[PDB]
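These notes concern the structure reproduced below.
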Amino acid sequence: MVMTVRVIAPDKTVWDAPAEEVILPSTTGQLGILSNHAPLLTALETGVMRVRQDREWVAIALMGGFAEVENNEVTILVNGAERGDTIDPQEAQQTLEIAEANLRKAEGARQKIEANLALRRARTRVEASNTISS
């Protein structure tokens with residue numbers, strides 16, 4: 001009746017929310033994953049995708065990974081991602097501070113990238129590990 005997309009990481013699982021239409025840039029440039037969309041595998045690079053639940057929109061920021069849909073079942077195997085809704089103020093200031101220091105003397109922009117995905121996988125790992133402990 002609808003689409004079902006779920007994000008997953010090599011360190012743990014993210015979540016599995018519903019959907020209706022997925023539009024985002026891919027290898028060929030344009031990619032459209034729907035619920036009725038037959039079972040096919042695809043690849044995606046570091047970027048963000050726009051999810052269409054039904055009436056509202058939901059965009060997620062995930063690094064380099066792989067995407068594959070099948071029978072209303074999408075699998076995003078990214079090596080570290082993050083949701084725009086799960087963003088904190090301390091984080092932005094943290095990544096900005098460490099970044100400035102990295103480029104200062106440490107490695108160049110390459111350092112910020114490595115640390116970017118690192119924290120991404122760490123955050124999801126924490127929320128996935130201690131999601132709910134009674």
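Numbering starts fresh at 1 for the residues of each chain in the structure tokens, the chains themselves are lettered A, B, ... in the order given, and ligands are numbered from 1 as they appear.
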
Skipping near chain neighbours, those fewer than 3 positions away, what residues fall within 7 Å of residue 117 (chain A) using only C-alpha atoms, listed as an mmCIF file with N, CA and C atoms, in the first residue's frame?
```cif
data_model
loop_
_atom_site.group_PDB
_atom_site.id
_atom_site.type_symbol
_atom_site.label_atom_id
_atom_site.label_comp_id
_atom_site.auth_asym_id
_atom_site.auth_seq_id
_atom_site.Cartn_x
_atom_site.Cartn_y
_atom_site.Cartn_z
ATOM 1 N N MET A 63 26.248 9.861 4.571
ATOM 2 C CA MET A 63 27.495 9.848 3.814
ATOM 3 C C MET A 63 27.469 8.762 2.744
ATOM 4 N N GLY A 80 27.941 5.694 8.012
ATOM 5 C CA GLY A 80 27.835 6.840 8.896
ATOM 6 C C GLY A 80 26.919 7.915 8.346
ATOM 7 N N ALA A 81 25.796 8.135 9.022
ATOM 8 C CA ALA A 81 24.833 9.144 8.595
ATOM 9 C C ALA A 81 24.302 9.934 9.785
ATOM 10 N N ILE A 113 36.672 15.434 6.847
ATOM 11 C CA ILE A 113 35.833 14.409 6.239
ATOM 12 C C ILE A 113 35.857 13.123 7.058
ATOM 13 N N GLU A 114 37.059 12.643 7.360
ATOM 14 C CA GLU A 114 37.219 11.420 8.139
ATOM 15 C C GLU A 114 36.520 11.540 9.490
ATOM 16 N N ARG A 120 29.371 10.652 12.887
ATOM 17 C CA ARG A 120 28.072 10.229 12.379
ATOM 18 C C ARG A 120 27.761 8.798 12.807
ATOM 19 N N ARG A 121 28.727 7.905 12.616
ATOM 20 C CA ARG A 121 28.556 6.504 12.979
ATOM 21 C C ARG A 121 28.501 6.338 14.496
#
```

Selection: 12 Å around residue 79 (chain A), only C-alpha atoms, excl. self and same-chain fewer than 3 positions, as number ranges by chain: A: 7-14, 44-46, 61-67, 76, 82, 114, 116-122, 124-125

Export, as a PDB file, in the first residue's frame, the selected residues with N, CA and C atoms.
```
ATOM      1  N   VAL A   7      17.196   2.941   7.120  1.00  0.00           N
ATOM      2  CA  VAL A   7      18.628   3.209   7.054  1.00  0.00           C
ATOM      3  C   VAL A   7      19.407   2.261   7.960  1.00  0.00           C
ATOM      4  N   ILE A   8      20.563   1.813   7.484  1.00  0.00           N
ATOM      5  CA  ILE A   8      21.403   0.902   8.252  1.00  0.00           C
ATOM      6  C   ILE A   8      22.879   1.246   8.087  1.00  0.00           C
ATOM      7  N   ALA A   9      23.657   1.009   9.138  1.00  0.00           N
ATOM      8  CA  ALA A   9      25.087   1.289   9.109  1.00  0.00           C
ATOM      9  C   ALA A   9      25.900   0.031   9.396  1.00  0.00           C
ATOM     10  N   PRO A  10      27.184   0.054   9.009  1.00  0.00           N
ATOM     11  CA  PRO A  10      28.093  -1.077   9.214  1.00  0.00           C
ATOM     12  C   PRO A  10      28.437  -1.286  10.685  1.00  0.00           C
ATOM     13  N   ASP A  11      28.013  -0.348  11.525  1.00  0.00           N
ATOM     14  CA  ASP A  11      28.276  -0.431  12.957  1.00  0.00           C
ATOM     15  C   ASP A  11      27.008  -0.801  13.721  1.00  0.00           C
ATOM     16  N   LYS A  12      25.859  -0.575  13.095  1.00  0.00           N
ATOM     17  CA  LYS A  12      24.575  -0.883  13.714  1.00  0.00           C
ATOM     18  C   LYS A  12      23.420  -0.465  12.810  1.00  0.00           C
ATOM     19  N   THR A  13      22.208  -0.492  13.355  1.00  0.00           N
ATOM     20  CA  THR A  13      21.021  -0.117  12.598  1.00  0.00           C
ATOM     21  C   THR A  13      20.554   1.287  12.971  1.00  0.00           C
ATOM     22  N   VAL A  14      19.932   1.971  12.015  1.00  0.00           N
ATOM     23  CA  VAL A  14      19.435   3.323  12.243  1.00  0.00           C
ATOM     24  C   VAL A  14      17.948   3.312  12.577  1.00  0.00           C
ATOM     25  N   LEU A  44      24.837   5.234  -4.053  1.00  0.00           N
ATOM     26  CA  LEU A  44      24.737   6.665  -3.786  1.00  0.00           C
ATOM     27  C   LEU A  44      26.002   7.182  -3.108  1.00  0.00           C
ATOM     28  N   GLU A  45      26.323   8.448  -3.353  1.00  0.00           N
ATOM     29  CA  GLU A  45      27.507   9.063  -2.766  1.00  0.00           C
ATOM     30  C   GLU A  45      27.125   9.993  -1.617  1.00  0.00           C
ATOM     31  N   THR A  46      28.134  10.550  -0.954  1.00  0.00           N
ATOM     32  CA  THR A  46      27.906  11.456   0.164  1.00  0.00           C
ATOM     33  C   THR A  46      26.934  12.567  -0.217  1.00  0.00           C
ATOM     34  N   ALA A  61      20.574  13.324   6.016  1.00  0.00           N
ATOM     35  CA  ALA A  61      21.949  13.507   5.568  1.00  0.00           C
ATOM     36  C   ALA A  61      22.789  12.268   5.857  1.00  0.00           C
ATOM     37  N   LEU A  62      23.095  11.509   4.811  1.00  0.00           N
ATOM     38  CA  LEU A  62      23.893  10.296   4.952  1.00  0.00           C
ATOM     39  C   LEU A  62      25.125  10.347   4.055  1.00  0.00           C
ATOM     40  N   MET A  63      26.248   9.861   4.571  1.00  0.00           N
ATOM     41  CA  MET A  63      27.495   9.848   3.814  1.00  0.00           C
ATOM     42  C   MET A  63      27.469   8.762   2.744  1.00  0.00           C
ATOM     43  N   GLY A  64      28.625   8.504   2.140  1.00  0.00           N
ATOM     44  CA  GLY A  64      28.712   7.489   1.105  1.00  0.00           C
ATOM     45  C   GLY A  64      28.127   6.162   1.544  1.00  0.00           C
ATOM     46  N   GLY A  65      27.279   5.583   0.701  1.00  0.00           N
ATOM     47  CA  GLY A  65      26.660   4.311   1.026  1.00  0.00           C
ATOM     48  C   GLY A  65      25.969   3.680  -0.166  1.00  0.00           C
ATOM     49  N   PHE A  66      25.239   2.597   0.081  1.00  0.00           N
ATOM     50  CA  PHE A  66      24.527   1.897  -0.981  1.00  0.00           C
ATOM     51  C   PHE A  66      23.030   1.845  -0.691  1.00  0.00           C
ATOM     52  N   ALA A  67      22.224   1.947  -1.743  1.00  0.00           N
ATOM     53  CA  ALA A  67      20.774   1.909  -1.602  1.00  0.00           C
ATOM     54  C   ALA A  67      20.162   0.841  -2.502  1.00  0.00           C
ATOM     55  N   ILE A  76      19.476   1.248   3.046  1.00  0.00           N
ATOM     56  CA  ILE A  76      20.559   2.215   2.909  1.00  0.00           C
ATOM     57  C   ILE A  76      21.744   1.840   3.792  1.00  0.00           C
ATOM     58  N   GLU A  82      23.330  10.804   9.525  1.00  0.00           N
ATOM     59  CA  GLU A  82      22.738  11.622  10.577  1.00  0.00           C
ATOM     60  C   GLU A  82      21.471  12.314  10.079  1.00  0.00           C
ATOM     61  N   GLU A 114      37.059  12.643   7.360  1.00  0.00           N
ATOM     62  CA  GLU A 114      37.219  11.420   8.139  1.00  0.00           C
ATOM     63  C   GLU A 114      36.520  11.540   9.490  1.00  0.00           C
ATOM     64  N   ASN A 116      34.122  13.580  10.140  1.00  0.00           N
ATOM     65  CA  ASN A 116      32.700  13.791   9.888  1.00  0.00           C
ATOM     66  C   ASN A 116      31.928  12.479   9.994  1.00  0.00           C
ATOM     67  N   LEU A 117      32.313  11.505   9.176  1.00  0.00           N
ATOM     68  CA  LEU A 117      31.658  10.202   9.177  1.00  0.00           C
ATOM     69  C   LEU A 117      31.868   9.489  10.508  1.00  0.00           C
ATOM     70  N   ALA A 118      33.037   9.694  11.106  1.00  0.00           N
ATOM     71  CA  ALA A 118      33.362   9.074  12.384  1.00  0.00           C
ATOM     72  C   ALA A 118      32.307   9.400  13.436  1.00  0.00           C
ATOM     73  N   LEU A 119      32.027  10.688  13.607  1.00  0.00           N
ATOM     74  CA  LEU A 119      31.038  11.132  14.583  1.00  0.00           C
ATOM     75  C   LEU A 119      29.639  10.670  14.188  1.00  0.00           C
ATOM     76  N   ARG A 120      29.371  10.652  12.887  1.00  0.00           N
ATOM     77  CA  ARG A 120      28.072  10.229  12.379  1.00  0.00           C
ATOM     78  C   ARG A 120      27.761   8.798  12.807  1.00  0.00           C
ATOM     79  N   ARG A 121      28.727   7.905  12.616  1.00  0.00           N
ATOM     80  CA  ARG A 121      28.556   6.504  12.979  1.00  0.00           C
ATOM     81  C   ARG A 121      28.501   6.338  14.496  1.00  0.00           C
ATOM     82  N   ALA A 122      29.186   7.228  15.207  1.00  0.00           N
ATOM     83  CA  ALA A 122      29.215   7.182  16.664  1.00  0.00           C
ATOM     84  C   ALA A 122      27.862   7.567  17.252  1.00  0.00           C
ATOM     85  N   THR A 124      24.802   7.511  15.797  1.00  0.00           N
ATOM     86  CA  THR A 124      23.820   6.481  15.490  1.00  0.00           C
ATOM     87  C   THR A 124      24.055   5.229  16.327  1.00  0.00           C
ATOM     88  N   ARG A 125      25.319   4.958  16.634  1.00  0.00           N
ATOM     89  CA  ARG A 125      25.679   3.790  17.428  1.00  0.00           C
ATOM     90  C   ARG A 125      25.163   3.926  18.858  1.00  0.00           C
TER      91      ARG A 125
END
```

Shell of 8 Å around residue 36 (chain A), only C-alpha atoms, local chain residues under 3 positions omitted, as number ranges by chain: A: 2-3, 71-72

Those in chain A with alpha helix (DSSP H) from DSSP, as a ChimeraX atom specification: /A:89-104,109-129

Can those selected residues be exported to a file as a compact mmCIF listing (two decimals), in the first residue's frame so that it contains N, CA and C atoms?
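What landed in out_15.txt:
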```txt
# COMPACT_ATOMS: atom_id res chain seq x y z
N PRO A 89 23.07 21.85 19.00
CA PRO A 89 23.89 23.06 18.91
C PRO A 89 25.34 22.80 19.29
N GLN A 90 25.55 21.99 20.32
CA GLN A 90 26.89 21.67 20.78
C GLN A 90 27.67 20.93 19.70
N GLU A 91 26.97 20.13 18.91
CA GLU A 91 27.60 19.36 17.84
C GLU A 91 28.20 20.29 16.79
N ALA A 92 27.39 21.20 16.27
CA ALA A 92 27.84 22.15 15.26
C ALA A 92 29.09 22.89 15.73
N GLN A 93 29.06 23.36 16.98
CA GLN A 93 30.19 24.09 17.54
C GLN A 93 31.39 23.18 17.72
N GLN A 94 31.13 21.91 18.02
CA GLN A 94 32.20 20.93 18.21
C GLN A 94 32.91 20.63 16.90
N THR A 95 32.14 20.28 15.88
CA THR A 95 32.69 19.97 14.57
C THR A 95 33.40 21.18 13.97
N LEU A 96 32.92 22.37 14.30
CA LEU A 96 33.51 23.61 13.80
C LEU A 96 34.84 23.90 14.49
N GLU A 97 34.91 23.59 15.78
CA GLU A 97 36.13 23.81 16.55
C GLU A 97 37.23 22.84 16.13
N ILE A 98 36.90 21.55 16.11
CA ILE A 98 37.85 20.52 15.73
C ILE A 98 38.30 20.70 14.28
N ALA A 99 37.37 21.11 13.42
CA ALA A 99 37.67 21.32 12.01
C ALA A 99 38.73 22.41 11.84
N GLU A 100 38.52 23.55 12.50
CA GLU A 100 39.45 24.66 12.41
C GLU A 100 40.84 24.25 12.89
N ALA A 101 40.88 23.41 13.92
CA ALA A 101 42.15 22.94 14.47
C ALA A 101 42.82 21.94 13.53
N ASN A 102 42.01 21.10 12.89
CA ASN A 102 42.52 20.09 11.97
C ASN A 102 43.23 20.75 10.79
N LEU A 103 42.55 21.71 10.16
CA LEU A 103 43.11 22.42 9.01
C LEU A 103 44.27 23.31 9.44
N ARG A 104 44.24 23.74 10.70
CA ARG A 104 45.29 24.60 11.24
C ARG A 104 46.67 23.98 11.02
N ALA A 109 41.48 19.44 4.57
CA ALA A 109 40.05 19.17 4.60
C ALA A 109 39.77 17.68 4.74
N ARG A 110 40.71 16.86 4.29
CA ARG A 110 40.57 15.41 4.37
C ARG A 110 40.32 14.96 5.80
N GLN A 111 40.90 15.69 6.75
CA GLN A 111 40.74 15.36 8.17
C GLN A 111 39.30 15.58 8.61
N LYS A 112 38.72 16.70 8.20
CA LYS A 112 37.34 17.02 8.55
C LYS A 112 36.38 15.96 8.03
N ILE A 113 36.67 15.43 6.85
CA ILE A 113 35.83 14.41 6.24
C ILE A 113 35.86 13.12 7.06
N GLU A 114 37.06 12.64 7.36
CA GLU A 114 37.22 11.42 8.14
C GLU A 114 36.52 11.54 9.49
N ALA A 115 36.69 12.69 10.13
CA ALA A 115 36.07 12.93 11.43
C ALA A 115 34.56 13.10 11.30
N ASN A 116 34.12 13.58 10.14
CA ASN A 116 32.70 13.79 9.89
C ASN A 116 31.93 12.48 9.99
N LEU A 117 32.31 11.50 9.18
CA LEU A 117 31.66 10.20 9.18
C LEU A 117 31.87 9.49 10.51
N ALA A 118 33.04 9.69 11.11
CA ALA A 118 33.36 9.07 12.38
C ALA A 118 32.31 9.40 13.44
N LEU A 119 32.03 10.69 13.61
CA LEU A 119 31.04 11.13 14.58
C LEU A 119 29.64 10.67 14.19
N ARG A 120 29.37 10.65 12.89
CA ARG A 120 28.07 10.23 12.38
C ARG A 120 27.76 8.80 12.81
N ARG A 121 28.73 7.91 12.62
CA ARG A 121 28.56 6.50 12.98
C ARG A 121 28.50 6.34 14.50
N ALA A 122 29.19 7.23 15.21
CA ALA A 122 29.22 7.18 16.66
C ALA A 122 27.86 7.57 17.25
N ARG A 123 27.27 8.63 16.72
CA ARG A 123 25.98 9.11 17.20
C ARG A 123 24.91 8.03 17.01
N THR A 124 24.80 7.51 15.80
CA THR A 124 23.82 6.48 15.49
C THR A 124 24.06 5.23 16.33
N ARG A 125 25.32 4.96 16.63
CA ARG A 125 25.68 3.79 17.43
C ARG A 125 25.16 3.93 18.86
N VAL A 126 25.24 5.14 19.40
CA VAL A 126 24.78 5.40 20.75
C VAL A 126 23.26 5.32 20.84
N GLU A 127 22.58 6.00 19.93
CA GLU A 127 21.12 6.01 19.91
C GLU A 127 20.57 4.62 19.59
N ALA A 128 21.35 3.84 18.86
CA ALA A 128 20.95 2.48 18.49
C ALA A 128 21.23 1.50 19.62
N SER A 129 22.31 1.75 20.36
CA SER A 129 22.69 0.89 21.47
C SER A 129 21.78 1.11 22.68
```

DSSP strand (DSSP E) selection over chain A, as a ChimeraX atom specification: /A:3-8,13-19,21-24,31-34,40-44,47-52,57-62,65-69,74-78,81-83

Would you mind listing what lies within 6 Å of region 16-24 of chain A as a compact mmCIF listing (two decimals) with N, CA, C and O atoms, in the first residue's frame, with only C-alpha atoms counted and same-chain residues fewer than 2 positions away left out?
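Done, and the output landed in part18.txt:
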```
# COMPACT_ATOMS: atom_id res chain seq x y z
N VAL A 2 2.07 1.14 0.56
CA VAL A 2 2.99 2.27 0.62
C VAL A 2 4.44 1.80 0.57
O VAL A 2 4.71 0.60 0.45
N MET A 3 5.37 2.74 0.66
CA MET A 3 6.79 2.42 0.62
C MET A 3 7.36 2.33 2.03
O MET A 3 6.85 2.96 2.96
N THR A 4 8.43 1.56 2.18
CA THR A 4 9.07 1.39 3.48
C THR A 4 10.59 1.47 3.36
O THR A 4 11.24 0.50 2.96
N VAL A 5 11.15 2.62 3.70
CA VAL A 5 12.59 2.83 3.63
C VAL A 5 13.22 2.78 5.01
O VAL A 5 12.68 3.33 5.97
N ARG A 6 14.38 2.13 5.11
CA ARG A 6 15.08 2.01 6.38
C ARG A 6 16.58 2.21 6.19
O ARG A 6 17.17 1.72 5.23
N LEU A 31 17.70 9.74 -9.49
CA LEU A 31 17.25 8.46 -8.94
C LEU A 31 15.89 8.60 -8.27
O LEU A 31 15.67 9.52 -7.48
N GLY A 32 14.98 7.69 -8.60
CA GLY A 32 13.65 7.73 -8.01
C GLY A 32 13.20 6.37 -7.50
O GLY A 32 12.92 5.47 -8.28
N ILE A 33 13.15 6.23 -6.18
CA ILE A 33 12.73 4.98 -5.56
C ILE A 33 11.32 5.09 -5.00
O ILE A 33 11.04 5.91 -4.13
N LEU A 34 10.42 4.25 -5.51
CA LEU A 34 9.03 4.24 -5.06
C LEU A 34 8.67 2.90 -4.44
O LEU A 34 9.45 1.95 -4.48
N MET A 49 19.12 12.95 0.82
CA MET A 49 17.99 12.55 -0.01
C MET A 49 16.68 13.10 0.55
O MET A 49 16.54 13.30 1.75
N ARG A 50 15.72 13.34 -0.34
CA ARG A 50 14.42 13.87 0.06
C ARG A 50 13.37 12.77 0.10
O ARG A 50 13.07 12.15 -0.92
N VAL A 51 12.82 12.52 1.28
CA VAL A 51 11.80 11.49 1.45
C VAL A 51 10.40 12.10 1.46
O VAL A 51 10.16 13.11 2.13
N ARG A 52 9.49 11.48 0.73
CA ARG A 52 8.11 11.95 0.65
C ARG A 52 7.16 10.97 1.32
O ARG A 52 6.72 10.00 0.70
N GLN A 53 6.84 11.23 2.58
CA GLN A 53 5.93 10.36 3.33
C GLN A 53 4.54 10.35 2.71
O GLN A 53 4.02 9.30 2.35
```

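Excluding residue 39 (chain A) and any residue on its chain fewer than 6 positions from it, the residues at most 8 Å away by only C-alpha atoms are residues 68, 69, 70 and 71 of chain A.
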
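Comparing the minimum interatomic distances between residue 28 (chain A) and each of A:60, A:43, A:48, A:106, counting only C-alpha atoms, we find that A:43 sits nearest.
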